[PDB]
Every structure is written in structure tokens, then in C-alpha cells.
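Undergrad: Supplied in C-alpha cells, the structure appears directly below.
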There are 2 protein chains.
Amino acid sequence: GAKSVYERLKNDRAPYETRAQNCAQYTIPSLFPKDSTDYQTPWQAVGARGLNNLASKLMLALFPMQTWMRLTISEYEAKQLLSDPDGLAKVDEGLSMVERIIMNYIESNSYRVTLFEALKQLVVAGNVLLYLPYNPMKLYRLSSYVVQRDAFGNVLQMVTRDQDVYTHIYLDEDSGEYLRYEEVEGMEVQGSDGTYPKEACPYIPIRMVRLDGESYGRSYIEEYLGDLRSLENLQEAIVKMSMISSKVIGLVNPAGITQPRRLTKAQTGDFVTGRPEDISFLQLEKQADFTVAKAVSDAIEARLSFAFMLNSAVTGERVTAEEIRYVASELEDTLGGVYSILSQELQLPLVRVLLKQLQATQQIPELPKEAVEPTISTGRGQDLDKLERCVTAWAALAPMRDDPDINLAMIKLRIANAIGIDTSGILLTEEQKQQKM
Amino acid sequence: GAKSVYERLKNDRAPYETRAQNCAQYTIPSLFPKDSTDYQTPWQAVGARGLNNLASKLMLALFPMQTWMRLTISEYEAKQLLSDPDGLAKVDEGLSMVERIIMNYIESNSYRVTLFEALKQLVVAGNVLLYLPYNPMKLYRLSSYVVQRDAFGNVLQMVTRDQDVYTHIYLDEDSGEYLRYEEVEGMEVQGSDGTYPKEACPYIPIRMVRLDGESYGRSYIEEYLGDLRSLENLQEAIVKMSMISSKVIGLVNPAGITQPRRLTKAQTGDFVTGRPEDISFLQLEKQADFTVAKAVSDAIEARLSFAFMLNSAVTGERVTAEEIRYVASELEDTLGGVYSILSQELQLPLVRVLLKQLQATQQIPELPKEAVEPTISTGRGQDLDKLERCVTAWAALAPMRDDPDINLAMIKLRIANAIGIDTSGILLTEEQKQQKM
């Protein structure tokens, strides 16, 4: 409603962020600043790199910058019945152009690099963006914003912080569209309320892990703190290996003849006048940690990687690309749980909002005919795979075309049922054949 | 009946949850919160990742988001006799459209990511969802709900908790359809009773392990606490490896000449004025744990994985995808015990409930003609495999077509019996042959 204060909202958010400070701490801070400061860093490089690696993967997959978004009609039973007759061609002109415009917009409006700087962070739990009319995006963080619902995941009251500038984006009563004003510490800047029709206009927070739900969601690399094992281990081996073999102080008894200055002067093969070995070193005693530590770190790297999707072409691996391709595909889905969640905070929202802000009538041109609800491609995946198998078999049945005992057409249809591509373009009817012959 | 209190129901549920706190504890909490607070975590990353990996697998398999659900007629002996005559084509139009609508509904209504956040948890013992009319789902947890039967697994009295909001979903007497009201702590909110025709409308709890049965079921990763071996082992090796090789305190006797500040100052090759080695380190004595621990962890990983159906594309394994494909298929069934149980808390219920809530007459359009009971595809599996073998053999018999001693047709029919694909589309009759020749 009307209060308005983000202090109460921040109080509601503390545990989610802190779990985030941590997660930030062992990878590539920053990302998050801990809570004159000379730098501190992440020793455990492998944990940090993976995060950067994912990002490329995430950005590309979420949208390849060629043709990601397909705006669908989608068919109403009279809209599919008119057109017919074959105005569908100009439905394509209206849409492709919108599709032609957005693909020249978003790359042209430089969201992608900005999205990538924010997206990567999202692999740390997540964050709000986007404004409308150079027109860039902005990238509010977990130090900044507070949001709610008691709900299934919707938006009720958004709060923001950058400089001090607070925004209220409240869902209203006796209402519908949102209303959103900005404030200073009392009361209003006169940049007034926009009702904001539902999600459209603007600016949705992306959830990421959805558990259980009623929060600004807590994900993710928090599911992987087997890196804690690597980072601690790497540091344990390094100091212990480093300090003993370098810091070799020379103890002398200052009782006489052995004088430190003369000792440095003689060359390796030199003789030096000294008491009988009075001065001696304090090189440390036997230190272990070798075998267990090394294997585990290597073992941890292998376990860690399949999380951060790396092609991981070790053997290395030779034979080779198909094997590499198979490795990528089985591994890729592992993230396929995420894709659905990512898509929900991203494709629908991203295309949905700009399209809604492209209702401005500036060359969007149609005031959208509901519904042109559009969704986002991406994996099908299996359809290429299911289809491929018939060729491997069908190829098998080429030799037996001549034999008269069994009907080949019936047999393919049997294999056809095994790979769920059934009919409609895969079976050839009798009427068609003479035309050729 | 009418009481109404979830406190009594929660009391009935304690052991099932706690076994769940635990199971949560060694994998990726959270999931479950244990029972300010900073963070504690799962060291044993491999146990945690597997759970995430399964999820992708589970979601995809349970429903690929292409064409999972096949609504069947199913044939009544006059409905199969009328149609004929060949109105079956418009039975397909009525159904496909329902099928065309649900496939555009569920992906379009964003259940899938929400289902995935809940589904994964289900690989921890399980949980309730779904509401009717943005229209998302909600994802009640083991901290929330209580349910019963003395029975074979049905539903008698459901209780819920989110904020305080309690729901009663009681099976009634002198009855039939369910009735469901919501309450505050006395007595009713006037969102009144819906009879709810049996399962339809709404909102079935998913069981998962069915043992013995009469409960909110207790599964699963509780069948695998050979991870306890890995997690404990990983932590035992890590602290022991870490603490000794890093924390090297320098003991000095404060009796004189050896002064701590001077000691740090000299460079590795420096000489330092000191008593004859008075100060000395307390680097710990020989510590074992190397050989036994490492192999077992590696051994445990191998044993653990075939549980969480990782592709396990190790050698690596170059030969290869057919080999990779065979590995996936034999391994996949291992979970095939689960699929039946998963399907029962999922495909029937999920399609059954929305179809029942699509009886609203909003474009579902038919008030369903009983029975259109629909079921869910998914493995058959063997039928592709059984069928494939005839081609490998039949191919073998191509060479002997010319020889006159033995009848080839009779021989194929013999092999045909070996691979249970018998007849009906695999044998060619005499009448057919001339047409071609």
C-alpha cells in the first residue's frame, strides 16, 4: 500500500543475502563486497573460473543472438479458420517484422553485454533490470532491492536503492495495472504513477531456484559447496608447501667467531672461518599432506566441472567430436532443470516487457492483436535424436527390399512406433506413386 | 469430519519428516531448514550434485515438453463400432485439440519450472500442489501439510499451513464429491465448500516410495546413505590434511635473544642472530588416512553415480555412444521401479485434474464423454529392441534366398517367434504379390 520504506523490506531479506555473501566469497568476488581495504582474493581459481565459464554458456543458450524469439499466432479456431484464406503470409509479414525489429533492437540496443554482466551474477541468487523510451539497461543487486509475495511467486511491492532514491512499484487496490512513484526521504518527486498493466511496464526480478517459494529466491552455486573442499585444500597445501622451503633463517650464537657478515660473502665452494658449526638453520620438520590432498583436489576438479558445463576435452578426447558432442548433450540437460526456471524469469519476461513497451506505437506497428503470445524456442533435442534412429535402421532394411515373404511397409511402421515419429509425412500413399513412374 | 486442527495431524507425521531432515542434511539443504544464523554446508559435493542431476532427468522423462500425454478413446465395443463409420477422424479433432490446448497450456502456464522446483524435492519424500481458474502452481512442503489414509493409499482429510491459514479438504459422509473450506483460528473464512468430485478438484499429494503404505510416504535418497560414507570421509580427510600443514605456530622461549620480530624480517637466505635454536615449530606428527580413504571415496563415487543416473561418460568412453546409449538404457530402468510410482502421483493426477478443471466449459470444449481416460505414454523400450533383432537376423537370411532345400518364409516365422513380434503386418500374403510384378 502506502508507507513507504525499504528498511522494513531489507529486514525481511537478510538471510538470503548473507548466504550470498558467502557464495560470493569463494568464487569470484566481486559480485559482492564483503558486508582502507587492500585486496583479498580467491586462491581457489578453479571454483572461480567455472562461474565465468558458465556465463558464456548461459548467455548463449538463453539467447543465441540469431533468431531466438518466435512470435506465434497462436491459433484461435476462427483465426486459424480465417486465415484461411492464406493471409497467414501477411501475418508473417506483421510478425517477422516485429521479429525483424526486436532482433535489430536488442543487439542494437546493447542489452546483451549488459545482460551478461547481470546474468552471470544470477548464477548467484538474483536480481532486477530494464528501462524504456541510447536506452541501456540497469542492473540492481542484492545490496539494493527488496521484493515480495505470499503467493505462487508474483510481485507485490518492489523497493529500490541506488544513491538516496527509493521506488515503490506497488500493486494497488481497486486496481488492475500497477502504479509506481519514486521518492526521496519524504515524500514524492512528482515522477508519478503509471498504473502498469500487469507484468508489462516494467521490470521483473528473476527468481533462479524457486525453493520453497515466497521470497527473492535463494540460488545457486549454494548447491555446490564441494568447492569449499577445494578452496580450503588448495590453501592448506600452499602455505604449508611455501613457508618451510623459503623462510630458512640462519641461527647464530652471538658468542663469537661465527659472524653473520662473513658467512654471506664466501662463494659456494669457499671455506669460511667459523666456530665448529655454531650457527645452524631451523628448517622445519617433516610435513605430510601430499598424497591425500593432491588426489582429492584433482578428484574435486573432475566432480566440480560437470557442474559448470565445460567441454572438458581432457586422452583428450580424440575420437572425438561425436564423442565430444555426446558428452555435451547428456551434460547439457543436467542444467535442463534450470532452463525452465531461467526461461520464466527471462524469455517470457524479456520479450513480454519490451513488446508491451513497443505498444507505444513507435514502429511496433500493430497494437498487438491478442493474443500474439510469443515463446522463446529452446531442448528438442530429442526430436533430432528420435528421428535419426529410423535412418540407422531403415538403412538396415534396404537389403531386404526384394524378398517376398514380408511386407516392408508394415515392418517400417513397426520400427516407426519404436521411435515416436509416427505418421504425417513419413508414409507414402498409393495414389502418389505413378506421377513419378 | 469436523474438528478442525492440523496439530493432531502433525503429531501423526513426525517420524516421516525427521528422516527427512536428515536426508536433507547431507545433500543440498535447503530443501529443509534444520528444525543470528550464519551458514553451514554440505562438504560432500558429490552427494549434493547427484540430486540436482536427477532432477533434470526426472523432469524430462516424466514429461518431455513435446507430446507426453495421449488422450485415448478408449474403445467401448459400440464406440469402436460407431465410429465406424470413420468419425474417428473427428474424435481426433476433438482430442488433439484438447491435446493441442494442454500442450499450449502447461508450457504456457509455466508449471514446468515450478514443477521442477517441487519435483526435485520429491526425490526427498513428498509434497502437494496446484490451483485453478497468470495461474501458477504452489509447492507445499513437509513442514507444511498433513494427510491420511487407512486404506490402500487414498485421501481422507488434508490439512495445510502457510502463513495462519488452514485448509480442510475432508472426505464427507452422505457424500461423494469432496468438500473443502479454509479457516483462520476459528472458524471459517466463508470461502466455502466445493464437493470436489473425487480426485478432480483438487490437489493430490505425491507418495514416492509406498512402503508399507498408510502414510505421507517416506522416500527416498534414504535408500542411499552410502553417501554418509562419502561425506564423512571427505570431511575426515580434509580437516586432517588442512590443519597440520597450514597452522605452523612458532614456539619461542621468551628467555632472551631469540626475539619474534627479528625472525620475520630476514629473507630466506638471511642469517639471524639467535640463541642456538631455542625457538622451534610444533608441526604435527605423522598422520595417515591416505590410501584407504582415497580409494574408498573414488569407489563410493562410482557406486553412488549409477544411482543418480549420471551419463557417466567417464576411457572416456570413446566407444561410444552406441556403448553410451546402451549404458543409459540398462541404467535407466534401474529407476524403472520409480517410474510407475512417479506416474501414479503424477501423469494420471496431473492430466486428470486439469482436464477435470477444464470441465469449466472454457474451451475444453466437450463436456468429456466418459470415458476419455488418458494415459501418459512412457519404457517400450523393449519393442524397439525386440524389433531390431529381426533385421540383424533377417539380414542374415538374405544370402540363402536362392537355395531350394528349405522354405525361407517358414524359417523367418521361426525367428519371428524368437523375438516376440509375431504377425499382423510382418507376413506377406500370396494375393498381394502380382499387383507389383
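Ligands are numbered from 1 in the order shown, chains are lettered A, B, ... in the order of the C-alpha cells, and residues start at 1 in each chain.
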With the cut-off set at 7 Å and counting only C-alpha atoms, tabulate each residue of chain A with an atom at most that distance from an atom of chain B, showing the nearest atom pair and its distance in Å to one decimal, ordered by chain and increasing number, as a Markdown table.
TA:
| residue | atom | partner | partner_atom | distance |
| --- | --- | --- | --- | --- |
| A:19 | CA | B:39 | CA | 6.8 |
| A:152 | CA | B:138 | CA | 5.2 |
| A:209 | CA | B:117 | CA | 6.9 |
| A:210 | CA | B:117 | CA | 5.9 |
| A:211 | CA | B:117 | CA | 6.5 |
| A:212 | CA | B:139 | CA | 6.5 |
| A:223 | CA | B:28 | CA | 5.6 |
| A:224 | CA | B:45 | CA | 6.0 |
| A:225 | CA | B:43 | CA | 6.0 |
| A:226 | CA | B:45 | CA | 3.9 |
| A:228 | CA | B:43 | CA | 6.6 |
| A:229 | CA | B:43 | CA | 6.3 |
| A:233 | CA | B:242 | CA | 6.2 |
| A:236 | CA | B:242 | CA | 4.8 |
| A:237 | CA | B:245 | CA | 6.6 |
| A:239 | CA | B:246 | CA | 5.7 |
| A:240 | CA | B:245 | CA | 4.5 |
| A:246 | CA | B:268 | CA | 5.2 |
| A:247 | CA | B:268 | CA | 4.3 |
| A:248 | CA | B:268 | CA | 4.9 |
| A:249 | CA | B:271 | CA | 5.7 |
| A:250 | CA | B:271 | CA | 4.0 |
| A:251 | CA | B:274 | CA | 5.2 |
| A:252 | CA | B:273 | CA | 5.3 |
| A:253 | CA | B:275 | CA | 5.3 |
| A:254 | CA | B:273 | CA | 6.4 |
| A:260 | CA | B:271 | CA | 6.0 |
| A:282 | CA | B:277 | CA | 6.8 |
| A:284 | CA | B:281 | CA | 7.0 |
| A:285 | CA | B:283 | CA | 7.0 |
| A:287 | CA | B:245 | CA | 6.6 |
| A:288 | CA | B:286 | CA | 7.0 |
| A:289 | CA | B:241 | CA | 5.3 |
| A:291 | CA | B:290 | CA | 6.4 |
| A:292 | CA | B:290 | CA | 5.0 |
| A:293 | CA | B:241 | CA | 6.4 |
| A:303 | CA | B:46 | CA | 6.8 |
| A:319 | CA | B:318 | CA | 6.4 |
| A:323 | CA | B:318 | CA | 6.2 |
| A:326 | CA | B:321 | CA | 6.9 |
| A:327 | CA | B:313 | CA | 6.6 |
| A:330 | CA | B:311 | CA | 6.4 |
| A:333 | CA | B:56 | CA | 6.3 |
| A:334 | CA | B:53 | CA | 5.2 |
| A:335 | CA | B:56 | CA | 6.8 |
| A:336 | CA | B:56 | CA | 5.4 |
| A:337 | CA | B:56 | CA | 4.6 |
| A:340 | CA | B:113 | CA | 4.6 |
| A:341 | CA | B:113 | CA | 4.8 |
| A:396 | CA | B:391 | CA | 6.7 |
| A:397 | CA | B:391 | CA | 6.7 |
| A:400 | CA | B:398 | CA | 7.0 |
| A:404 | CA | B:428 | CA | 6.8 |
| A:405 | CA | B:428 | CA | 5.0 |
| A:406 | CA | B:427 | CA | 4.3 |
| A:407 | CA | B:428 | CA | 5.3 |
| A:410 | CA | B:425 | CA | 4.8 |
| A:411 | CA | B:426 | CA | 5.8 |
| A:415 | CA | B:384 | CA | 6.3 |
| A:418 | CA | B:384 | CA | 4.5 |
Undergrad: Enumerate, as a ChimeraX atom specification, the complete set of residues in stretch 114-282 of chain A that a backbone-based DSSP assignment places in strand (DSSP E or B).
TA: /A:124,128-129,139-140,146-148,156-159,166-168,181-183,220,250-252,280-281
Undergrad: Can you tell me, as a list in words, which residues in stretch 332-369 of chain B count as alpha helix (DSSP H) by DSSP?
TA: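 Filtering stretch 332-369 of chain B down to alpha helix (DSSP H) leaves residues 332, 333, 334, 336, 337, 338, 339, 340, 341, 342, 343, 344, 345, 347, 348, 349, 350, 351, 352, 353, 354, 355, 356 and 357 of chain B.
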Undergrad: Could you please determine the separation between atom CA of residue B:192 and atom CA of residue B:164 in Å, to one decimal place?
TA: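 Distance reported for this atom pair: 17.5 Å.
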Undergrad: Counting only C-alpha atoms, which of B:366, B:214, B:12, B:35 gets nearest to residue B:150?
TA: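 Ranked by minimum distance to residue B:150, first place goes to B:214.
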Undergrad: With distances taken over only C-alpha atoms, which of B:132, B:419, B:73, B:300 is nearest to residue B:356?
TA: B:132
Undergrad: Rounded to one decimal, what separation in Å do you get between atom CA of residue A:221 and atom CA of residue A:307?
TA: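 Result for atom CA of residue A:221 versus atom CA of residue A:307: 9.4 Å, one decimal.
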Undergrad: With a distance cut-off of 12 Å and only C-alpha atoms, select the neighbouring residues of residue B:344, excluding the residue or stretch itself and same-chain residues fewer than 6 positions from it, and output the selection as a count of residues only.
TA: 17
Undergrad: When you count only C-alpha atoms, which of these residues is closest to residue A:157: A:349, A:365, A:191, A:1?
TA: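 Among A:349, A:365, A:191, A:1, it is A:1 that comes nearest to residue A:157.
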Undergrad: For residue B:309, find every residue with an atom within 7 Å (counting only C-alpha atoms), except residues of its own chain fewer than 4 positions away, and show them as a PyMOL selection string.
TA: chain B and resi 54+305+331-332
Undergrad: Taking only C-alpha atoms into account, which of A:414, A:180, A:161, A:90 comes nearest residue A:144?
TA: A:161
